[PDB]
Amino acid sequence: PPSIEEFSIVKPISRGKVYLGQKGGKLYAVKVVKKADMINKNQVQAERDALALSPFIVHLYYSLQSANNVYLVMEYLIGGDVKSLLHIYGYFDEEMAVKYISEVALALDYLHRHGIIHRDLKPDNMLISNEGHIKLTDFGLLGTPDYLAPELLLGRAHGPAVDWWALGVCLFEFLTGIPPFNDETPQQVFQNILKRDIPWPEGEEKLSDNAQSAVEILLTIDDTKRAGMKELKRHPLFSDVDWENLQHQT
């Protein structure tokens, strides 16, 4: 039963907050959750149980405690998050974006196959592993408004289709750099999500026909018709994808 004393804070890596750890010449990523929100605003033992169960999702090494704080000692991936990588490139090329989205989709499919909806999919929580494939973090069982599905907005009873909407938001944001339903106020954002106000580009920048369709099937208002993994795997944009091989590449 190791103790948090052995861990030496190096420098923060995320805004709970995520710090870069040190222990025995090893680097961990330690999330700190003070009892200010853990024991005074409600589902903490929900992110720790979705992270303990593994090959597509960030590895959780230890579950540690404190005077007020809780500590998630997870693996450290120098590759950073897709959020940062995207700011650097401005946006990804069609081939590169499909590469990441397919990896995210396999991770989503893994999660659901094990009775787990993410509910908080966004590039910020998509980590570029040391191997190169995407890993998932910040398990939220209201989150970032820009990625929430209409049913999440309307407080409806929902299913894994929320994750495919979020996936659609990221697929658009990988081709543009900007999320599709982006606006100045949070209320404005909800109107765009509900209106399905996707601002497709025009000219030399205008999105591919296979890219526009792939976003459309993911960003479908009616959750009983919206795209799943089956629809996605068979969609023409993911044609040059070997899911059998990708599953092994891990």
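For every residue, the number given is its place in the sequence shown, counted from 1.
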| Counting only residues of the deposited sequence, how many between residue 42 and residue 43 have no atoms in the entry (none, 1 to 3, 4 to 9, 10 or more)? | 1 to 3
| field | Unmodelled deposited residues flanked by residue 15 on one side and residue 16 on the other | value | 1 to 3
| Higher-scoring stretch by recorded Cα B factor average, 199 to 207 or 220 to 228 | 199 to 207
| note | Per the PDB entry, mean CA B-factor is higher for 189 to 197 or 33 to 41, namely for 33 to 41
| query | Which third of the chain does residue 115 land in by C-alpha B-factor: lowest, middle or highest? | reply | lowest
| Once the chain's modelled residues are ordered by C-alpha B factor and cut into thirds, is residue 177 in the lowest, middle or highest one? | middle
| note | residue 78: CA B-factor among chain residues, third -> middle
| message | Which third, lowest, middle or highest, does the C-alpha temperature factor of residue 142 belong to within its own chain? | response | highest
| Chain-relative CA temperature factor third for residue 72 | highest
